[PDB]
Amino acid sequence: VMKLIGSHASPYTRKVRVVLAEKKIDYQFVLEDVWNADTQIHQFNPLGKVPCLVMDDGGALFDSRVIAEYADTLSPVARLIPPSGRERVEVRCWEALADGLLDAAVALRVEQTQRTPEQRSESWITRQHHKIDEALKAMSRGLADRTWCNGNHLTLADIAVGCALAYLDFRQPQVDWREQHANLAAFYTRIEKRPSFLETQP
Amino acid sequence: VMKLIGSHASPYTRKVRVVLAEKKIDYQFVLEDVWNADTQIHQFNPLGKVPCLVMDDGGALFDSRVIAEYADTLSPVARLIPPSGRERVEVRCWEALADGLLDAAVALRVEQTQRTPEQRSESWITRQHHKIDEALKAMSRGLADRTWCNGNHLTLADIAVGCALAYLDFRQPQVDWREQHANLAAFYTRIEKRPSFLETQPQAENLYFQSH
């Protein structure tokens, strides 16, 4: 049974867990705290980050984009990444946009947990908030009046976006993205009802 | 003609520029300082980062992984990403390992340029150095005795690793990765002489090739 090393809070881990649920791939979830000085994560991921997927042969895979892509090939249930052309690049770019919102949101969390008050930079905080604001605007423009991010079915784009919006609710709950972007609010109301999202809340 | 927004120093931009050169895809390189208060980057990439590839119709693509992947499809010259199976995933994972080394080295550059001396965190600096150390060990272990990271030819894996090692030479020269890992030193000697690498050195930021 493949092992996924991660945490319940990690939104990049959540992206992978939603993918695995949507693909109906069996796995064992192994919890690790990567921020603790005595973490053992470097035995498996040289970058010291979660998620990391460890196979039966002991092969380790990372990061979340690589794992999600691999998982899509492992099972015939759902079609999360289009095989080619315009649709594939669109889906990859949506994943990058969502991962970039996560990067900014996680940076804001790291600024509070990994730096003392004297080490914190208000210009850095402002900069990450601006990225989140701009990413949300792009997601809203991109989705427009459509049900799905790309094509007419669930893809990794939807999963990635859903994880990003849910992570804002969890760690930046004062960011009122629903008020600014009604289509993203409606999108999330739909996606959060999926069992894959229900079973992977942070 | 597509426009690539980037900087000479940016190693993620370099990865894309190397890919574009290997693929023989024409593009216009548009220099941008994303750290300037007057930057225009958010008019193209909502994340405010380089590289960003802008198409004839104004459509914008990011990040470097997505751009490199798209670029491999645009031309029949070389195949930088295997179409499937085990080889594709291995190449994607190699790219993530190199990009993660870059993430740590860039985090160090940000700790220098975006934090005052009073704000700098020695624990954060140590953490990123540990990631670079561990990434280099994995790259060395993974490459072993082979000529290329994956299969019998240059792939995106080799390009990404090359840009990472070059980026350490450029911003972190005290990391003696050559002395630590003989196989990486030999790998880099082979890859740095490729025209795609020669034409994209971050050191070209200093305007040397505009001298007569």
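Here's the deal with the pattern of salt bridges
Note that side chains of opposite charge can pair when their charged atoms are close.
Residues and elements named next belong to chain A.
Right, so step 1: In this structure the tally under the stated criterion is 28 salt bridges over all chains.
Right, so step 2: Put simply, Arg-194 and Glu-22 hold a salt bridge, and the shortest N to O gap is 2.8 Å. Residue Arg-194 is located in the loop between α7 (182-191) and α8 (195-198), and its partner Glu-22 is located in helix α1 (residues 11-23); the two are separated by 172 residues in the primary sequence.

Concerning the nonpolar core
Right, so step 1: By size, the foremost hydrophobic cluster in this structure holds 125 residues, and its most contacted members are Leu-61, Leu-136 and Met-139 of chain A together with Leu-136 and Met-139 of chain B.
Right, so step 2: For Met-139 of chain A, the residues in contact, after removing those within four places along its chain, are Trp-94, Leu-97, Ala-98, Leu-101, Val-161, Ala-164 and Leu-184 of chain A.
Right, so step 3: Ranked by size, the runner-up nonpolar core spans six residues in total, among them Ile-5, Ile-41, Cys-52 and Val-54 of chain B.

Focus on the pairing of strand β1 (residues 3-6) of chain A
Within a regular strand, the side chains alternate between the two sheet faces.
Residue and element names in this part refer to chain A.
Right, so step 1: Bridging between β1 and strand β2 (residues 28-31) involves four bridges; their strand directions are parallel. For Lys-3, the partnering residue across the bridge sits in β2 and is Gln-28.
Right, so step 2: Remark: the β1/α1/β2 crossover connection has right-handed handedness.
Right, so step 3: When β1 meets strand β3 (residues 52-54), the two strands line up antiparallel, connected through three bridges. The partner of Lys-3 across the bridge, within β3, is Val-54.

Observations regarding the state of the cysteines
Residue and element names in this part refer to chain A.
Right, so step 1: By the definition in use, this model includes zero disulfides over all chains.
Right, so step 2: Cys-149 takes part in no disulfide bond, and the closest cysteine sulfur to it belongs to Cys-93, at a distance of 11 Å.
Right, so step 3: A relative accessible area of 3% places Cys-149 in the buried class.

So, the domain arrangement of chain B
All names here are of chain B.
Right, so step 1: Once the domains are mapped, chain B shows domain 1 (1-79 + 195-212) and domain 2 (80-194).
Right, so step 2: Averaged C-alpha coordinates put domain 1 and domain 2 at centres separated by 19 Å.
Right, so step 3: Of the residues lining the interface, 24 residues belong to domain 1; the matching set on domain 2 comes to 28 residues.
Right, so step 4: Between domain 1 and domain 2, roughly 2300 Å² of surface is buried when both sides are summed, and carbon and sulfur atoms account for 63% of that area.
Right, so step 5: If you sort the residues of domain 1 by the area they bury against domain 2, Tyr-12, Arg-79 and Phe-197 come out on top, with a joint share of 29%.
Right, so step 6: Taken together, the links from domain 1 to domain 2 amount to five salt bridges.
Right, so step 7: Across the pair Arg-65 and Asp-99 runs a salt bridge whose closest N-O atoms are separated by 2.9 Å.
Right, so step 8: For the pair domain 1 and domain 2, the interface holds eleven residue pairs in polar contact.

Description of the UniProt feature "binding site: glutathione" (unreviewed entry) in chain A
Right, so step 1: UniProt marks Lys-49, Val-50, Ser-64, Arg-127 and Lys-131 of chain A with the feature "binding site: glutathione" (unreviewed entry), using the numbering shown here. Sequence-wise these annotated residues cover 83 residues; spatially they are dispersed, their C-alpha atoms as much as 24.5 Å apart.
Right, so step 2: Taking the relative accessible area as the measure of exposure, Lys-49 of chain A reaches 42% and is therefore partly exposed.
Right, so step 3: Excluding anything up to four places from it in sequence, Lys-49 of chain A contacts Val-34 and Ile-41 of chain A together with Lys-131 of chain B.
Right, so step 4: Mapped onto the elements of the fold, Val-50 of chain A is located in the loop between β2 and β3.
Right, so step 5: Accessibility expressed as a relative area gives 12% for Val-50 of chain A, which makes it buried.
Right, so step 6: When residues no more than four places from it in sequence are discounted, the contact partners of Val-50 of chain A are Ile-5, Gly-6, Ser-7, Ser-10, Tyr-12, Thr-13, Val-34 and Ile-41 of chain A.

Calculation criteria
- Residues numbered from 1 in each chain as written, not as in the entry; some residues may be left out.
- Chains lettered and ligands numbered in written order.
- Heavy atoms only, no water.
- Salt bridge = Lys/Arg side-chain N within 4 Å of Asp/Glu carboxyl O.
- Helix = DSSP H or I, 4+ residues; strand = E, 2+ residues; numbered from the N terminus.
- Core = buried A, V, L, I, M, F, W, Y, C linked by side-chain atoms within 4.5 Å.
- Buried < 20%, exposed > 50% of the residue type's maximum accessible area, 1.4 Å probe, protein only.
- Contact = heavy atoms within 4.5 Å.
- Pairing = 2+ DSSP bridges.
- Right-handed = clockwise from strand over helix to strand, strands pointing away.
- Disulfide = S-S within 2.5 Å.
- Domains from an automatic or database assignment.
- Buried area = accessible area lost by both parts, 1.4 Å probe.
- Polar contact = N/O pair within 3.5 Å; in protein donor to acceptor, adjacent residues only side chain to side chain.
- UniProt positions renumbered as here; feature names shortened; annotations may be inferred.

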